[PDB]
Novice: 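Structure in structure tokens, see below.
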Amino acid sequence: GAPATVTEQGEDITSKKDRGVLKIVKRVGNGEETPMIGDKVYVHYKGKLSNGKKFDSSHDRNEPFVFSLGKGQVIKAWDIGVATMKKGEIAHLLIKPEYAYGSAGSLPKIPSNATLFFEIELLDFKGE
Ligand SMILES: COc1cc2cc(c1OC)OCCCn1cc(nn1)CCCOC(=O)[C@@H]1CCCCN1C(=O)[C@H]2C1CCCCC1
């Protein structure tokens with residue numbers, strides 16, 4: 001499936017080069033600009049545990065998910081990944097636990113040492 005493709009084709013976008021955040025661009029976006037720390041970011045996403053026991057979709061709320069980049073309002077993998085994205089871009093992220101919810105997890109929803117997958121569309125970003 002899409003997660004395996006990211007394991008095999010995904011770019012390692014971590015500073016440490018520890019394969020903790022792997023990325024495939026699925027649809028190229030527009031312009032050269034990628035968001036800066038502090039920017040207000042608008043996305044649609046679908047997310048799952050790599051074992052697919054818990055699926056989540058902004059589409060199920062029919063409304064963008066909105067967050068300020070780089071403030072740790074979201075897991076570290078999103079601060080890293082969405083920062084690399086162009087407006088209009090769709091990307092797949094595969095995320096080791098270190099960059100998601102870790103050894104502790106987020107029970108009962110997310111188990112210890114969980115690998116996460118997302119598809120993310122960057123709708124827009126704007127300055128603080
Ligand atoms: C650990 O708790 C949740 C995790 C996840 C989704 C959650 C969580 O319940 C709070 O609610 C879905 C309802 C909408 N929504 C998203 C958020 N808050 N409310 C951001 C919460 C923080 O989430 C994250 O940092 C990441 C990135 C942004 C999208 C959501 N993320 C998740 O980890 C998802 C999780 C749900 C299970 C499948 C894997 C993704």
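Numbers here simply count residues along the sequence, with the first being 1. Keep in mind that the numbers below use all heavy atoms, side chains included, and drop hydrogens, waters and symmetry copies.
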Novice: Quick one, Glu89 with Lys23, criterion salt bridge (charged side-chain N to carboxylate O under 4.0 Å, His left out). Give me CA distance, side-chain angles, the key distance, then yes/no.
Specialist: CA-CA 12 Å; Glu89 190 179 308; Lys23 185 192 185 189; 2.8 Å; yes
Novice: Is there a side-chain contact between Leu122 and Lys86 in this structure, where contact means two heavy atoms from C-beta onward sitting under 4.5 Å apart?
Specialist: no
Novice: State, yes or no, whether a side-chain contact exists between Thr84 and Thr34 at a heavy-atom distance under 4.5 Å.
Specialist: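 Not in contact.
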Novice: Let me see the working for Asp56 and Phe65 under side chain to side chain contact (heavy atoms under 4.5 Å, CB included), right down to the final yes or no.
Specialist: CA-CA 12 Å; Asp56 173 36; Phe65 172 79; over 6 Å; no
Novice: Out of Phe67, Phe125, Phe118, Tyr45, which residue meets the side-chain contact (heavy atoms from CB on, under 4.5 Å) rule with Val82?
Specialist: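 So, applying the side-chain contact (heavy atoms from CB on, under 4.5 Å) to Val82 and each of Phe67, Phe125, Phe118, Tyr45, only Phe67 qualifies.
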Novice: Check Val21 against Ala77 and note the closest heavy-atom contact, atom names and distance.
Specialist: CG2-CB, 3.8 Å
Novice: If I take atom OH from residue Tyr42 and atom CG from residue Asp124, how far apart are they, to the nearest 0.5 angstrom?
Specialist: 7.0 Å
Novice: Is any side-chain heavy atom of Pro111 less than 4.5 Å from a side-chain heavy atom of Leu49?
Specialist: yes
Novice: Got a second to check how far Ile120's CD1 is from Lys26's NZ, nearest 0.5 Å?
Specialist: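 If I round to the nearest 0.5 Å, the distance is 14.0 Å.
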Novice: Looking at OG of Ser50 and NZ of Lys96, how far apart are the two atoms once the value is rounded to the nearest 0.5 Å?
Specialist: 12.0 Å
Novice: Restricting to non-hydrogen atoms, name the atom on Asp79 and the atom on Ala83 that form the minimum distance, rounded to 0.1 Å.
Specialist: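 Distance-wise, the nearest heavy atoms are O-CB, 3.3 Å.
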Novice: Please report the shortest heavy-atom distance between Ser112 and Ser103, naming the atom on each side.
Specialist: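 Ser112 and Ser103 have their closest heavy atoms at OG-O, 2.7 Å.
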Novice: How many angstroms lie between atom CD of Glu121 and atom CE of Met85, to the nearest 0.5 angstrom?
Specialist: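 Rounded to the nearest 0.5 Å, the CD-CE separation comes to 8.0 Å.
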Novice: Working to the nearest 0.5 angstrom, can you tell me the gap between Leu94 CG and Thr7 OG1?
Specialist: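 Reported value, rounded in 0.5 Å steps: 4.5 Å.
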Novice: Check whether any side-chain heavy atom of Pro97 lies under 4.5 Å from a side-chain heavy atom of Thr115, and answer yes or no.
Specialist: yes
Novice: Tell me whether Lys16 at atom NZ has more than 12 heavy atoms from other residues, nucleotides or ligands lying less than 6.0 Å away.
Specialist: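 No, because the 6.0 Å sphere around NZ of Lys16 holds 12 heavy atoms or fewer from other groups.
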Novice: Is the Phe117 ring parallel, tilted or perpendicular to the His92 ring (thresholds 30°, 60°)?
Specialist: perpendicular
Novice: Where is the tightest heavy-atom contact between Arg19 and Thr14, given as atom of each residue plus distance?
Specialist: N-OG1, 4.0 Å
Novice: Does CG belonging to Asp60 count more than 12 external heavy atoms closer than 6.0 Å?
Specialist: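 Counting other residues, nucleotides and ligands, CG of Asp60 exceeds 12 neighbours.
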Novice: Measuring from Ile24:CD1 to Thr5:OG1, what's the distance to the nearest 0.5 Å?
Specialist: 6.0 Å
Novice: If you take all heavy atoms of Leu116 and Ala100, which pair is closest and at what distance?
Specialist: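 Where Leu116 meets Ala100 most closely, the heavy atoms are CG-CB, 4.0 Å.
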Novice: Output, in order, the C-alpha distance, side-chain angles, deciding distance and verdict of side chain to side chain contact (heavy atoms under 4.5 Å, CB included) for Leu93 and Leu22.
Specialist: CA-CA 6 Å; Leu93 297 183; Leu22 303 170; over 6 Å; no
Novice: What are the two closest non-hydrogen atoms of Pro35 and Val41, and how far apart are they?
Specialist: CB-CG2, 4.1 Å
